[PDB]
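Novice: based on what follows, work out the 3D shape:
(chains A, B, C, D, E and F, ligands or ions: 2)
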Amino acid sequence: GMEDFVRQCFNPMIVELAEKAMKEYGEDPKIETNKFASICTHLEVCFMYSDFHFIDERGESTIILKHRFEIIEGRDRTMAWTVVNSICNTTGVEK
Amino acid sequence: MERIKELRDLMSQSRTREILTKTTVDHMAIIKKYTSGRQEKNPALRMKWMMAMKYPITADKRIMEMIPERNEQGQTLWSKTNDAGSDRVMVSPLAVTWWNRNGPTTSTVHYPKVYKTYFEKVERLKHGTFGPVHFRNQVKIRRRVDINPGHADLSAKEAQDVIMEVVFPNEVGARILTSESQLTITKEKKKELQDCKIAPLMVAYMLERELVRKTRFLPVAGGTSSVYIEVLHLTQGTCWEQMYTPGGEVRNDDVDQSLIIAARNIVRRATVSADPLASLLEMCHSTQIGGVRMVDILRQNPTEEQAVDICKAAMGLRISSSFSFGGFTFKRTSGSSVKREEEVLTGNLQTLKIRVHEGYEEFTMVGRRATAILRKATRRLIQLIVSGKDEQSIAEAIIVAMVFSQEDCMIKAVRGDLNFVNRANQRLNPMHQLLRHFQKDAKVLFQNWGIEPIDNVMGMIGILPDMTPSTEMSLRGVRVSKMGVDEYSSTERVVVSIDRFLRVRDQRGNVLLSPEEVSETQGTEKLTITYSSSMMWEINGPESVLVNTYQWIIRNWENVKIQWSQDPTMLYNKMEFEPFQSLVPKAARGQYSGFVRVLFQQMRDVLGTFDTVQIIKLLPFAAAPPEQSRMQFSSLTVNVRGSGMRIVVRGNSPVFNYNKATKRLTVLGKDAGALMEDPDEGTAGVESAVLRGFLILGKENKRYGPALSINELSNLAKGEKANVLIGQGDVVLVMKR
Amino acid sequence: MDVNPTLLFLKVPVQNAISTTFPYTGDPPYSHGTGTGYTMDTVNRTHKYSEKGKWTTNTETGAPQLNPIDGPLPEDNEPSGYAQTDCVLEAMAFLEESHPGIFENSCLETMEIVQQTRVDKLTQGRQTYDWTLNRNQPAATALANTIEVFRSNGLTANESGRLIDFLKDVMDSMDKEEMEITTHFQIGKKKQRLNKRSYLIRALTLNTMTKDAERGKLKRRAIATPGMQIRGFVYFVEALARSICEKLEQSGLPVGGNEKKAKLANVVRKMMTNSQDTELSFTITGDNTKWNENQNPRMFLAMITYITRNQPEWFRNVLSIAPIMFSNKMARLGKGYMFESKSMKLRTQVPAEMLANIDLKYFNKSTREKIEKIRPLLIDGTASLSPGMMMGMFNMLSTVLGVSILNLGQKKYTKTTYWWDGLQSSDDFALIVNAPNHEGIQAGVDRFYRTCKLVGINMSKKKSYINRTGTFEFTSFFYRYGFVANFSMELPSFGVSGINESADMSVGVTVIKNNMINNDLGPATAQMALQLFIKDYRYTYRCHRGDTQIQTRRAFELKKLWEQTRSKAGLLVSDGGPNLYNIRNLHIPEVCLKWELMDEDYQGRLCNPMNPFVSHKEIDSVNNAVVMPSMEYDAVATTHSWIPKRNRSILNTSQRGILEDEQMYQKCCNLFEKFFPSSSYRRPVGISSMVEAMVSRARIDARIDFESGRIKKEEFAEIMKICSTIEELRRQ
RNA sequence: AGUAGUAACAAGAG
RNA sequence: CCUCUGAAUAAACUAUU
RNA sequence: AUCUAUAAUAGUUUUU
Ligand SMILES: *O[C@H]1[C@@H](O)[C@H](n2cnc3c(N)ncnc32)O[C@@H]1COP(=O)(O)OP(=O)(O)OP(=O)(O)OC[C@H]1O[C@@H](n2c[n+](C)c3c(=O)[nH]c(N)nc32)[C@H](O)[C@@H]1O
Ligand SMILES: [Mg+2]
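Specialist: Numbers count the residues shown, from 1 in each chain, chains lettered A, B, ... in the order given. Ligands and ions are numbered 1, 2, ... in the order given. Please find the structure below.
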């Protein structure tokens, strides 16, 4: 019954991202329903954390340009690690 | 900008959009191999068929804009017909040879850098030195050698990770280069490849050719180094050996390994001599390692090994009473030991032999990043003090000390699927296997080692099986300190005296090294070893020694037979049998000698019984000082590659087998030659050189009752005939002299 | 004086001249027509070996099935497949007893392999029976078609990229009431609907054909090709079997070449040393008659069940599926037959789907008997073949079974004065038997024979023999106190490979070198082999020396190049140059060998990256650094690394449109390499679609470049706009 | 006719 | 008459890349 | 001292 609520509550984009994340490692959304909801909640929290932020030319965060946050969740591990490696190379931050 | 525009253009179309949308990255690999089918089953026949066609080759459409449709004589070079399943056109080999003679010229100056390995092969061949060709009895052994040396301290996966990091920084995924060697090599290659202008894929392939190590099983003789394996077809043959030295630079580790092997062989063969010191000196002066005289290497090479130290002491050079184990330099300050072969049962239900050293001893261990003082007894670690840099170094030192102690707790801690044989069923060193097993993960070892309260003396910190600094209880016998280094004195070569029997002594007069302390392992050399003497097989491996000893006996059978008949005392003292005597187990040598000699005496007392094969088989065993006894031997053992191979007194054996149909002798599968029949051979089916005090009369005789074992022949008396179960399932009637 | 070569064996031992007994200089035999006769013979013979078994009807497919397990014990020496389950279980149990922990560690390693393996592993291989087309297709093509059909039928677990998810898809498809596929004709697309039983029959079907170019056989034989559904399960089972075999000394697999010879020699010498010095030792060179037609899938199921005890249930199920699918297998009959009318002088093709209800007046006596015997087993154009392993499958599991029977020979199990050990490789074996006297040898041989009979293994009496230990034959290796060289076996490798000029030169020289190293090819014979190879090379590629007058279409260009060149030795043999190879430099590439002898202009023309005979990259505009093409036996690419044409038969069929598709695929793949440079070097792994990954990479690269100052803000804005446009196109 | 040998070729298709 | 076309089994190993 | 990394291509071995 949890799956119906999850599909009816969150927007289709987050549902697609969570379903893809589970399918990546063999998880079955229909069998594992609590994990489905947990992933959807985590993705929604991350997207709400990142969205509605921008950096002006000066370099100070602002709300309403370029995004202040780069999102790493919601991607397959390959693209996530590609983004992490590119950021580390271009900034020198610890990996 | 071009990439995104092209992606948008493809996505505009329907079929391309469907392919790009329905296909994941995983299925991209599947569709990449997608094809209508490569209907080729006989490439050679197909090539012969196609070369008769007008236009068998395929070329890009650009060729139509670069090469004329016809040459001077009007011969067509290409046509406009496309290749099915593509857009390339058909062309003739005339086009290729026209381009090679009239095409635009470029600058091919960086090719030697891209293909540095092959030009390095060319340079090594160019500057090589050729010696003479020697015809001999080659004994090639199937072993794992290296065909691509790659980098010294790297593996395949590490090399691939380094290549990815250097060439594809953003495609490395989650890997992090943790090993010091990987990081150093990555930095060095990035510095070298800084501001490179070659395509990334070709740079990756270059780094693969340079760094990745490749090994294969091959039948080898001589050296197993990469430089000596590339020209293996030239230097070694079925019956000949070509002396050759590569023209490049030689690695130091290979020289050290070859020197260790040569020193061990020389010392082992010298121990069995009547004057070991002179024999050792001459052997050292008559030996070369990779084209370099051994004495030069002994002068300019700082190797810590027992046999090398004995050679140096014989040459009057200062030595170090140190050896290597687990990456640490051990040095016995006090105590003494004797080696003993002990059978043990492994934790994972495996039975194996180990060379246990008895007695109490004290050592100092020095490592690149750790140091310790150890005190141990027979299979018992009395105490260890470690003063490493960080937790990892101390843990490694502790593991090495635990394995070095030969503790039963250590043996019983073996878990998982640990094997003590090679993938080709060749024995491995038990200690090295234990070290490799426990270095990956020593949690069980530490858990089963034990704990003990400490006395809190001098402030030296403790250590727990979890590798933490405790102060109340610590690992049994192990302590952690900080002020213990004593590393300068390790490299303190001391002047020593060497006895006639190769017993190295200090200036004070204490014994430091003796031949008994040299390893009994029979390894192979990285660089080819050349020996110049009457017997070029004097310091060879066991199989070569056996085959050449029997071949020498066969070749000189005339004078050897005369000498055996007339003056046996001088025959047994030939210098040719000493390499063979080195293979016989020491504790048995005298015994065997005695036995064999008695047989020969009987063979001379009873006329008409002169079997050439028996004398040839048993002659090498009579070269040791005899020890009288009444024991009966049905076979005599010889140590070959760590296994005791038996030679049966009567009949053929796996080692020594004689074939009467061809009158040929085979030793370990190698043809030692054909015996020449003598008129004095006894053609009566009587054997007098099988039993110590008995004469074999004939086949089974049921008159004298059932047969009895060989060891139960001591109950008979003079003139009593009996049936004996002597031989491989054979019963024969014999009588007692 | 009549010349009798065989009499040479009166002085040279047969092994030392064994190479003379291989007539491998003539062409090998081939099969001409159909393979239906051989397939029918194989099916009938397999059922005859199990005739006394239990007949049942499969409730899912309806096909008759024969079960010989736990059948009557044989009363004679004819081949039989009445294996006893308890005996097989006991053999496995004693094998576990002798090597504690073998099955546990094997299962651990196999669990890791199963959890890690990717679906692309199935693209390996040459051909595969495609159930959507009822014929063979390239493995990658078959996998692509199956994935497409599954996606069209709502089976998309394979998107995960794991092989086990593909197996889940196969299992779920088994339960579908219907399946829908697409078919091509004269090149339209039509839809076909398969009911549950038809699809199930297709999924359990293995195609059959006749093997060509096999040495040493007077008569032809049949071979099989598995379908798409069963490849993954067989792969996992064989991974488990390989793990088990790696831990056994008697196993002759999966080692080969010099390592295999060394292992066999070490094992044999260890057996010899363990033998007492007062007991007879004999060696049996043996063969097993119809090994694969007597081994039953049910016994393999039992062995797997015993091996995977105390393991997670999912692992046991995924391993057990393969024997389950193999005991319900079907066999395709083949092409059919051909009929001829002499009076009317005409010929016709009769397909194998008509054999069910075709009048038998056309066929001769033998074929008529075959068809009559096999008709009861025919269903949906195939034949029901429950017993037996078809052809060359489960080799390592068979090796495990043979090694277990060998392990049963220890004294702790024989409980008498004789014992045995030896070497096993699939179905070939060498057996060393030790006993105090000859009667002990006889008793040991008889006990080994009967124990093999109990587990359904028949020792070929007419092809097996026994002698004293010291000489034998095993897997075509002749041991005479040590393995001997056999040059004739590798002789067909000498010649011209047929790749291209550079690769063929490299292959020829490397083959000569390797045979010097391995097969005891002497120096003088090596030089003569080099001369013969260069002659064949020149004749094949029309590249005779420029200073000759051989008439060929290529001679004029070579003559001009020869005349215009100053350094002749620098020219390649492909360009009419001389031969500089000898023994000492067989290990060096030809171009590198004579690099320091080439004229600058000729050298530049030869190694010119912009040569249309080798493709060009697209980085920047074109990678104009080195000639770049799959570079096997071709160290340095030159203008002589061209690629020959392709077979154009498909152009006359309905599948020719597929060409377009593959071309288009390449197009897309090319674009993907402009975003992820490492894809060509290393295989990319991911679940996102290609377009999504490319767009994400473009966005991240644009951000990184803009932050680092590599590009200006106008380019960043344009790239973001185009990315948004692509996102819009994705939905529409 | 011939190749060949347990089934085919002695051109096939559009 | 004319157009097109000259035919890729499984496992393991070996060699090269 | 140990030494089964992947993928492509060709060759060899595995019959009542
Ligand atoms: O390649 C082989 C060998 O040549 C090489 N090697 C040896 N020494 C060096 C140095 N100094 N530099 C570079 N390479 C070197 O390492 C390989 C060793 O092969 P192998 O012959 O199998 O090993 P070895 O037979 O020497 O036995 P090993 O286990 O390595 O022991 C080394 C050394 O330690 C002695 N030892 C062990 N134990 C438990 C001892 C003990 O309890 N008490 C005493 N007094 N000595 C002990 C071994 O006997 C050797 O002396
Ligand atoms: Mg056989």
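
Novice: going by C-alpha atoms from here, please, whenever you check contacts or count neighbours.
Specialist: Noted.

Novice: select the longest helix from chain A.
Specialist: Counting residues, the longest helix found in chain A (DSSP state H) is helix A:34-50.

Novice: tell me the centre residue of the chain?
Specialist: Picked chain A for this. Computing the C-alpha centroid of chain A and ranking residues by C-alpha atoms, centre = their mean puts residue A:73 first, at 3.3 Å.

Novice: nope, chain C please
Specialist: Note: chain C centre (C-alpha atoms, centre = their mean) maps to residue C:125, 6.6 Å.

Novice: three-state assignment of it?
Specialist: Assigned with DSSP: H, G, I helix; E, B strand; the rest coil, residue C:125 falls in the coil class.

Novice: what of residue B:299?
Specialist: Residue B:299 - assigned by three-state DSSP - is helix.

Novice: which residues touch it?
Specialist: Residues in contact with residue B:299 (C-alpha atoms under 8 Å, 6 or more residues apart in numbering or on different chains) are B:312, B:317.

Novice: so how far is residue B:381 from it?
Specialist: 37 Å (C-alpha to C-alpha, to the nearest Å).

Novice: one more: residue C:723?
Specialist: 69 Å.

Novice: likewise residue B:25?
Specialist: For residue B:25, the distance to residue B:381 - C-alpha to C-alpha - is 57 Å.

Novice: hmm, who's touching the strand or helix carrying residue C:323?
Specialist: In this assignment (DSSP states H and E), residue C:323 forms part of helix C:313-326. With contact meaning C-alpha under 8 Å, 6+ apart, helix C:313-326 is reached by C:111, C:204, C:230, C:233-234, C:236-237, C:297-298, C:300-301, C:304-305, C:308, C:386, C:389.

Novice: go on, stretch B:429-439?
Specialist: With C-alpha under 8 Å, 6+ apart as the criterion, stretch B:429-439 contacts B:326, B:352-354, B:396, B:399-400, B:403-404, B:414, B:418-420, B:445.

Novice: give me the buried subset of these.
Specialist: B:326, B:354, B:396, B:399-400, B:403-404, B:414, B:419-420, B:445 (16 or more other C-alpha atoms under 10 Å in any protein chain shown).

Novice: so which of those residues are in strands?
Specialist: residue B:354 (DSSP state E).

Novice: if we check chain C, which of the buried ones among the contacts of stretch B:429-439 are in contact?
Specialist: Among these, no residue is within reach of chain C (C-alpha under 8 Å from any C-alpha of the partner chain).

Novice: TSV for the buried ones among the contacts of stretch B:429-439, including distance to chain A?
Specialist: Output for the buried ones among the contacts of stretch B:429-439, formatted as TSV (distance: C-alpha to the nearest C-alpha, whole Å):
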residue	distance to chain A
B:326	33
B:354	46
B:396	27
B:399	31
B:400	33
B:403	37
B:404	39
B:414	34
B:419	34
B:420	38
B:445	33
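
Novice: and of the buried ones among the contacts of stretch B:429-439, the nearest to residue B:31?
Specialist: Using C-alpha to C-alpha, residue B:419 is the member of those that lies nearest residue B:31, at 41.9 Å.

Novice: wait, what's in contact with the closest one?
Specialist: Counting by C-alpha under 8 Å, 6+ apart, residue B:419 has contacts residue B:433.

Novice: and it, how far is that from RNA strand D?
Specialist: 50 Å (C-alpha to the nearest atom of the strand, to the nearest Å).

Novice: can you tell me the SS state at residue 17?
Specialist: Went with chain A since none was named. Residue A:17 ends up helix, using three-state DSSP.

Novice: not what I meant, chain C
Specialist: Strictly by three-state DSSP, residue C:17 counts as helix.

Novice: now it. Nearest residue, chain neighbours left out?
Specialist: Excluding the flanking residues, the one nearest residue C:17 by C-alpha to C-alpha, 6 or more residues apart in numbering or on different chains is residue C:9, at 7.7 Å.

Novice: which secondary structure element is home to the residue nearest to residue B:706 when sequence neighbours are not counted?
Specialist: Nearest residue to residue B:706, sequence neighbours excluded (C-alpha to C-alpha, 6+ apart): residue B:723, at 6.8 Å. Using DSSP H and E, residue B:723 falls within strand B:721-724.

Novice: and what of residue C:538?
Specialist: helix C:523-541.

Novice: buried residues in that helix?
Specialist: C:526, C:529-530, C:533-534, C:537-538, C:540-541.

Novice: residue 95: neighbour count?
Specialist: Since no chain was named, I'll use chain A. When neighbours are counted by other C-alpha atoms under 10 Å in any protein chain shown, residue A:95 registers 10.

Novice: looking at chain B here, not the other one
Specialist: 25.

Novice: contact partners for the residue of chain A found nearest ligand 1?
Specialist: Per C-alpha to the nearest ligand atom, residue A:95 is where chain A lies closest to ligand 1, at 37.3 Å. Counting by C-alpha under 8 Å, 6+ apart, residue A:95 touches A:84-85, A:88.

Novice: mind redoing it with 10 Å?
Specialist: Remark: with contacts taken as C-alpha atoms under 10 Å, 6 or more residues apart in numbering or on different chains, residue A:95 is in contact with A:84-85, A:87-89, B:174, B:176.

Novice: helix, strand, or coil at it?
Specialist: Per three-state DSSP, residue A:95 ends up coil.

Novice: can you show me the CA trace of stretch C:373-381 as PDB?
Specialist: Output in PDB follows, covering the C-alpha atoms of stretch C:373-381 (Å, rounded to 0.1, in the frame of the first residue of the first chain):
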ATOM      1  CA  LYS C 373      12.000 -44.400 -35.300                       C
ATOM      2  CA  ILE C 374      12.100 -40.700 -34.700                       C
ATOM      3  CA  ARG C 375       8.500 -39.700 -35.600                       C
ATOM      4  CA  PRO C 376       7.000 -40.300 -32.200                       C
ATOM      5  CA  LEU C 377       9.400 -37.700 -30.700                       C
ATOM      6  CA  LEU C 378       8.600 -34.900 -33.300                       C
ATOM      7  CA  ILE C 379       6.800 -31.800 -32.000                       C
ATOM      8  CA  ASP C 380       6.500 -28.400 -33.700                       C
ATOM      9  CA  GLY C 381       9.300 -29.200 -36.100                       C
END
